[PDB]
Structure formats: structure tokens, C-alpha cells
Amino acid sequence: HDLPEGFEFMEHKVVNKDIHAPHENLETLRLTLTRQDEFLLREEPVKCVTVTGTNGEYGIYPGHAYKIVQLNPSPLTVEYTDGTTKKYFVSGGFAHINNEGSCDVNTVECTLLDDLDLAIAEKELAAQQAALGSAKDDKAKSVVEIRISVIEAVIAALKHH
Amino acid sequence: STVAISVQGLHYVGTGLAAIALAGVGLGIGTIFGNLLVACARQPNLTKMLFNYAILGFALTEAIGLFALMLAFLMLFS
Amino acid sequence: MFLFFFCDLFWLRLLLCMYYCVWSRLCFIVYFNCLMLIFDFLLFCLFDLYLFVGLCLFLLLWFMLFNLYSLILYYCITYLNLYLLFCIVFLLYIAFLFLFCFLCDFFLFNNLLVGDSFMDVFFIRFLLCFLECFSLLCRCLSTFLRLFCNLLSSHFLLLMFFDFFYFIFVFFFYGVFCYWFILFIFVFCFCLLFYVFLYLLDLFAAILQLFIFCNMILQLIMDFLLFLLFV
Amino acid sequence: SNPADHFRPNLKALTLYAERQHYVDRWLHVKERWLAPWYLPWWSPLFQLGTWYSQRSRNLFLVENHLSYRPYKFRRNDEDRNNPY
Amino acid sequence: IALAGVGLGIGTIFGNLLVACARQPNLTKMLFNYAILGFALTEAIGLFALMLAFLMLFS
Amino acid sequence: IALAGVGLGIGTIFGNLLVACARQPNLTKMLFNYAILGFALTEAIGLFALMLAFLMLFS
Amino acid sequence: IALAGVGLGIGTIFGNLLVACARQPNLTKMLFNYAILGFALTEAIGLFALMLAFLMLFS
Amino acid sequence: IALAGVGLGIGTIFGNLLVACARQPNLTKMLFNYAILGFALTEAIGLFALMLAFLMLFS
Amino acid sequence: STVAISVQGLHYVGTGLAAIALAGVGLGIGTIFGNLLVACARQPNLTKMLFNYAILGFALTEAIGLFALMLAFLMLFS
Amino acid sequence: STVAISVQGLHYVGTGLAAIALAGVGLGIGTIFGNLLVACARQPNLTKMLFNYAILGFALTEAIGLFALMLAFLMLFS
Amino acid sequence: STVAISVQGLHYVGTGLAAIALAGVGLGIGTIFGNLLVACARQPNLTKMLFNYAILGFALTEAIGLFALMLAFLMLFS
Amino acid sequence: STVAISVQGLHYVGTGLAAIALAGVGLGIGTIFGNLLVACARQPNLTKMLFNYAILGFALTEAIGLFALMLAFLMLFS
């Protein structure tokens, strides 16, 4: 009595390029932006994608080397070959960049920057800062500071444009 | 035979050499500020404490530079 | 020519007799690695790998009685000669090497021919073997040279700094009563700091150099040890 | 110079001198005295150990034919490089 | 020759500055100010060496 | 010889420029300006050494 | 001797270029242009060093 | 002595080449060609130094 | 013939050379601080243990610079 | 004609040259501690173990500087 | 005319120049231990194996300094 | 006037300068092993192959050191 593995029912596998192979000139990056097991974009050909990992900002274009990036609460930009920019905001996750020309950005939450409100974000920062003052212990203060970092990133993200 | 000679242009040569040590100091300054920027980008919240430590590093490195510079000036006027 | 002299350990010998007429435990050793050569259990060696323990302990005791106590002013390092240290290291190193060679196991030297069969034997591997055979003797020479030079330089520096401190303390202390007393006080504080720093540095460096001196010999021994597995 | 002079043994008591010829001859006399008795045959390992190596070294010295000059081992002055005599 | 290190030290600052800016473009102004600060400090040593050179040139 | 520490410093700036460009290439137009600024300072140092190389070569 | 710094600086630029090109091959053209720019600057310093050499060797 | 800054620069280029080929193992050809270009330019600098060395040696 | 010559001003030359030994010392100190900033920026909670080790490294590096400086002043007064 | 000359002051020059060896040693020591800080921020649990290895490296590197310093004293005192 | 001159203090200069080679050896050793400290924090389980290789480099790096040190004696004592 | 001079003591300077070439060999060896330690931690499963390549690099650098020593010994004697 052998049971199927849950990945057998998934028909869109990841294609890796053999290292001993000729190079190709690619003008499109196939992006897959995902939230909570839901794709907001699927194998979408884009011109470039900008992502904020722990070390700093990465601008991924077609042909980028194989790399895994641990995202931080921050904006994410997608620029199409047409010349159109779409801006999301992520709270965390990972970004897998493949040398074959694909980028699978899996986020816990990915919301268009339009949806976010600066007035709500601003007043939340004031409340959390007050909460940090009343934070009982070290652990509580650390959690509150996590919220402030995201809020300030959101506030700064919207003030940018 | 015993011969004593006094060359009066060799107090210049020693002075020039003492100035060479400044390069090891000046380059050291750039290294501290070369990595300060990276640290600020990595952790912008600590833009202040890192800056103070960098100033401490620059001052200490400059202290070596002035110890060498003292020898440079002493032999220039003597 | 026959010169009759004495070592500077007579008082220390007296103290050893006084304080070690009764047994005492030893738990702190400068070079503990001579006792624990094998770290993975079930590994054992048919060679007398623990023969170096007694010599190691005695050498540590002798060199510590000399070097550590030399920080005291006017204390003499009676053995401080280049060729004498060469003789000591020659004795130890060559004795262990001849112990390995008298075993008459030529395969023990197979590792001298560095590299694999892929590398050219004559132009690469043979040259590497030559360099390694030379490097053994160079390791012996480096051990003895390092031991000599560390002590020589440390004591030269200490003597020079002490002379400078004596000069300034004696011939410029009157500045305390003068209007430039602050400069003298700053200089005196710097001299005290340098004195303390030098003493700490020398204390640490002596022990560390003894550790390295014993570790070179132990590395020589370990380079030719083969461990069997229990079954 | 003065700092270098601080690295000398501090408890020198007596110095004795002796010519190589004299004590070598005395040692040879002692060796002959102890190896002379009949109860030590010449073929014994002890006698050969005593004599053979010395004989070999002395023969090697005698056979030596060197084109260069070796200055006397026990000159009065051996510190002048330009005066081997 | 003392300028060799001073000139090189400046290049190091203006080398890492680019990496810092690319990583965190939002902080270009603060990083740029610190880069100028470091350049001024290095230039000070450069003038010290330059002062000695000129004095020994016209003396 | 001071030029050795200048020319090398210039190469260091450009070397970091490539990495900075290859990290986020949309900021190239901004980084390039800063790269030129660094070259404008290190080159200025080289002039001082060049000045002495000329004053002593014609005096 | 100034050529030692120039030669090293040129190698430094290309060393970063390979890392940058491998990271983002799509920008090889732009990076290559900037790398040549850096070489055109470092080599310019070398011309001064050669000029001094030829201005003292033939003097 | 100028050759010291040449050989080192050449080693720097190839050292980065190996890393670049490791990071992006399919782009070996372009990296190899660019590395050869950098070697040629750096070697040209060394040849200039050799030119001066032989000119003075035979003068 | 035996000729003995005593050149006076050479002590200036030797002193200048020892001053060059401070180039690496100044550079070495700057390197330590530059690395310190990165370590603090990548691990901000250890702002004191790293600082202590940086001071320890500076002291040892300063010691080397002082050994050379002793010769620099000694020859200048010989 | 055969002329033998003995210049006394040269011993200063050789002494200063040996001091230059300390530039590498001083720089080398700073390199070790720089890595130590950048390593303790990557794995602080081993800080004590790393500090031990750093000190061992410092002595080995320092030992070389003493070799050069010995030659300086030999020529400076002869 | 044929003139032969023998300058009797030049061996000091050669000895100091050979001593300068020790700066590279010291720097290389510091680089080795700097890489060791930053490598152990990455793979601590293999700390011991790395240490053995680090010593090997020191054994193969200190030896070169001996040659330069050897030449110093061959010229200092001749 | 035509004057020919033969200085007997200039070979010491040449020997010392050649010995300085070892500073690069020593530093190159340190770099080789410094990367070796880093590589082994990264991919410990290939320790032997990396060790073999490191030995090859050390040999080539040592060969250059032998050439420098050959020049040093030749000038020292000849």
C-alpha cells in the first residue's frame, strides 16, 4: 500500500539548466509571485523585478545567477517590457532565482501598495511606540519592535511614491 | 685613518621616509569609512554607534600618523 | 678549556625539595595534548606513543623554572645560547626520528611522495618529496630558533625600557615640584602602563612558546603514527 | 653592547686549560693499561671497540692529501681571517 | 609617495559607497555625507605630506 | 610612484561600480555620477604628485 | 614602478567585471563599456609615467 | 619591479574568472574572452616597462 | 690601505625607515575597526564584547608600532 | 690600488630596514582580529574558542616580528 | 686606473633587506588564521580538521622566512 | 679621466634585494591556505581534492622562491 506524494499532482516543475550547456540570450524573466498558496502572477514574462532581501536590494533581470534570497518586510517592484510598473508590498518569505530565466517569489503576504493606507499606518506607529513604552518584558519589546519595523517600512514605502 | 664626515642633506632624506608612513595611516582611514558605509546600509538603525566607533578608529590611526609626523619634523629642523 | 659554573636554580631546587617532600596532585599542565593523542574511541597504536610524556613534563618544568623566573630583574637564563638550544632540540627530534627509522618499515615513508599517480613523478612528486624531507629538518631548526629569538628579543626590550624608565624617574622627577608637572605625570603613567603590559606579554609568551616547542615534537611523532581499529 | 652583556652566565667560578696532545696521550695510556692484560684477547669485542675506530680515524688522517692548507687547530690567534699562521 | 595611500584610500571609500548605495538606495544622502567626511580626513594627511614635500623643496 | 596609488584607486572605484551596477542596474545613472566624483578627487591628488615631478624636473 | 599600480588597477577592474557579468549577463554590454572607460583612465596615468621616463631617459 | 604589479593583476583577473565561472557556469566563453582582453592590456603595460628596461640596459 | 670612516647623518636615514613600520600598524588598526563595524551591523547585540576584542587587537598592534618607534627614537639619539 | 674602508654609520641603515618587517606583522595581526570580529558575529557561541585560536595566531605572527627585531638589535649594538 | 675598494659595513644593508621578507610571511600567517577563524564559525563540527591544515600552512610558510633569516646570518656574520 | 672601481661589498645588497622576493611567495602561500580553509568548510566532502590542488599551488610558488634563492646564493658567493 504505497501512497502518492503530494507533488505528483503538480504538473509545473522547475527546469534547471545543465551547467555544461550553451548560454542563451533572454529578454524576459518568468516571474511567479505567490501568496499563501495562491499565485498573483504566473510565469509572467517581465523585464525586471526588484526585491529587498536581508542584505539589501536586488534587481533581478533575465539570466540572473542562481540565488536564494530571504526577503524582509518591504516593497517589491515589477517592471514589464512594455514600460509598466506594478508595486506590491510583502511581509516576508523567500525568492528563488534560477539561471534558466525564472524567479519564484513566495511570500506569506503580498498586497498591492495601493491597498495600504498611510493614515492607518501612521497612527499604528504611534500606538505601537506607546505599546513599546508599556511593554512588560524583553520579549514583548522585541515583538513590538517587529511591528514598528514593518509599519515604518510601509510608511516609508508610501512616502517614496 | 680616522675620518669624520658630516653630510648636511641627509636630514632631508630621513624626513621624506617618515612621511611615507602617512600612507599606511591615510589608507587605514579609508578602510574604516569604506566599511562604515556598508555597516550603515546593513543596519541603518545603528548609524550613530557605528559612527562613534569609526571616529575612535580614525583618531587612533591618526595617532600613529602623528607619532611618525613628529619624527618627520624633528629631523627637518635638526 | 674547561669552565666550571653553576645554574641559577639552587634556590628553586631548595624550594622543590622543601615543598615536594610530600605528594601533591597535578591538574594543570602547559602541554596537555601529550597525554591525549587519540580522541576517537576503539583506536589504538602499537607504537610507544606515550613515551614523550615524561620528557615533555621535565622540559616544561625546566624551561618554566628558567624563563618565567627570568622576568625578575638580574635573574639569569643560564642556558640562553643558540647552539645549546640546537643541541637540545637535536637530541629530542633526532632521537624520535631514529626511533621511527630503526623500526625498519620503509612503507612508513610512502606519504613523503606527495600527490597522486596523476602528477608527474620526476618533475613534481620527487621535488615535493625532496622539499618535505628538507622541511623536517627546517622544522627542527625553526623550533630552536623561535625559542631562542623570543626570549632574546623580549629581554632586550625589557632591559631597554627599564633603563629609560630609570633615567626619567631619577633625573626628571623634580618636575613634580615645577610648573610642568603635568607632562611628567603623563609620562610616568604611560611608563607604568607600558611596564605592566610588557610584563603580562612576556608572562603569556613564555608559556605559549613552551607549548609550541612541545607541540612541534608531538607533531613530528604524530606524523608517523598509525592507528588500528578494535574489532 | 651593554644590553647584550646582560645575557652571560653569572656564576662562573673556575677555568682550566689543557692541551689536546697531553690529555689524548694520558687517555691512550689508560686505554693501553686497561687493554693490556692477557685475560682480554685481542679478538674480544671490547678490545676492538677500544682500538679499531681510533686506528681507522688516524689512518684516514694520515692518508689525507689536501690541496688546501688547514691552519693549526691550537694557534695563539685564530681571529684574523687574513693570517692563517 | 605618501599620497599613494591617500589616493588609494579615497578609492576605497568611493568603491564601497557604490555598493552601499546599490544595496540601500534610500540612504544615499547620509552615505554620501560620510564619504565626504572620510575624504576630508584622508585629504588632511595628504596635505601634511604635501606640506613636508614643499618645505623640503623650497629649503 | 604616487601615481601607482592613484591609478589603482581609480580601478578600485570602477571595480565596485560594476558590482553595484550588476546588483541593481536601474541606479546606474546615479552611481556613474558618484563614480566620476571619486575619479575627480583621486586624479586631483595625482596632479599634486605630477606638479612636484615637473617642478623638480625643470629646476 | 608607477606601472605596477596601473597594471594592477586594470586587472582589478576586469576582475570585478567577470563577477558582475556572471551575476547579470544581460548587462554585459553596459558593463563592458564602463570597464573600458576605467581602463582609458588608468592607462592615461600610465602615459604620464612613461612621459616622465622618456623625458628623463632622453635628457 | 613594475612587473610585480602586472603579474599580480593577471592573477587577480583569473582568480575572479574562476569565481565567475562558478557562479555562472554557462557563460564561460564570454568571461574567457574578456579575461584574455584584460591580460593583453596588462601585458601591454608590462611590455612598455620592458621597453624602458632594455633601452636603459643597452644604454 | 686601512681607512676608517664615520658618517654622522646616517642615523636620520635609519630612523626614517623605522617610521615606515608604522604604515602597516596604522593600516592594521584601521582594518580592525572596519571589520568591527560590519560585525556590529550584522550582530548589533554584541556591541561590547566585539569592542573589547577590537581594543585588545589595537593594543597588540600598538605594541608592535611602539617596538619600532623605540628604535626610531634610539637611532635618532645615537 | 687596494683600499679598505670601514663605514661605521651603515649599521643604522640596516637596523631601520629590519623594522620595516614589523609593518607586515602589525598588519597581519590586525587581519586576524578583523576576521575574529566578523566570525564572532556569525557564530557567537564559539567566541571563547575563536578567541583562543586568535591568540595562538597572534603569537606565531608576532614571533616573526621578533626575528627581525633581533637583527635590528644585533646591528644597532655592533 | 684599476682601483679596488672594500666597504666593510655594507653587510648591514643586505641583512636588513633580507629581514624585510619577513613582512610577507607574517602577513600570510595572519591571513591564514583570519580565514581559519571565519571558517570555523561556518562549519564548527570540523574545527579540528581545519586547525591541522592551518598549522600545515604555517609550517610551509614559516620555512620560507628561515631562508631569508638564514641569509641574514650568512651576511651578518661575514 | 678613465677610472675603474671594483667594490667588493655590493653583492650583499643584491642578495638582500633578492631575498625580499620571498615576501610575495610567503603571502601567496598564506592566501592559498586561507582559501583552502574557507573552501573546506563550504564543501568538506572534497577536502582531499582541494588539499591536492593547494599543494600544487604551494609547489609552484616554492619553485619561484627557489629561483630567487638561486640568484641570492649566486650573488652572495660570486
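Things worth noting here:
First chain written, first letter: the chains are A, B, C, D, E, F, G, H, I, J, K and L, and each begins at residue 1.
Following the convention adopted for this analysis, contacts are C-beta pairs under 8 Å (C-beta built on N, C-alpha and C of every residue); 3 or more make two chains touch, one makes a residue touch a chain.
Listed here as common contacts of chain C and chain G: no chain.
Among the pairs C-I and C-K, the greater number of C-beta contacts is found at C-K.
On superposing C-alpha atoms, the copy chain B sits rotated by 35° relative to chain I, to the nearest 5.
Between the Cα centres of chain D and chain E there is a gap of 71 Å. Chain I and chain L have Cα centroids separated by 25 Å. One inter-chain figure worth recording: chain F and chain H are separated by 20 Å, centre to centre, where each centre is the mean of the chain's CA atoms.
Centre-to-centre separation of chain A and chain G, using mean CA positions: 39 Å. Under the contact definition stated at the top, the residues of chain I that touch 2 or more other chains are 2-10, 13-17, 20-25, 27-32, 34-36, 38, 40, 42, 65, 67, 72, 74.
Shared contact sites, meaning residues of chain A that touch two or more other chains, fall at 23, 55-57, 59, 61, 65. Of all residues in chain C, those that touch two or more other chains are 145, 152, 156-157, 160. Residues 73, 77-78 of chain J touch chain D in their complex.
Residue ranges of chain H in contact with chain G, taken from their complex: 1-6, 8-13, 15-17, 19-21, 23-24, 27, 30-31, 34-35, 37-38, 41-42, 45-46, 48-49, 52, 55-56, 59. Residues 17, 19-23, 65, 99 of chain A are the ones that touch chain H when the two sit in their complex.
Within the complex, the chain C residues that touch chain D are 1-8, 74, 76-78, 80, 152, 155-156, 159-160, 163. Interface of chain B with chain E (complex): residues 12, 15-16, 19-38, 40-42, 44, 47, 51, 58, 62, 65, 69, 72-73, 76.
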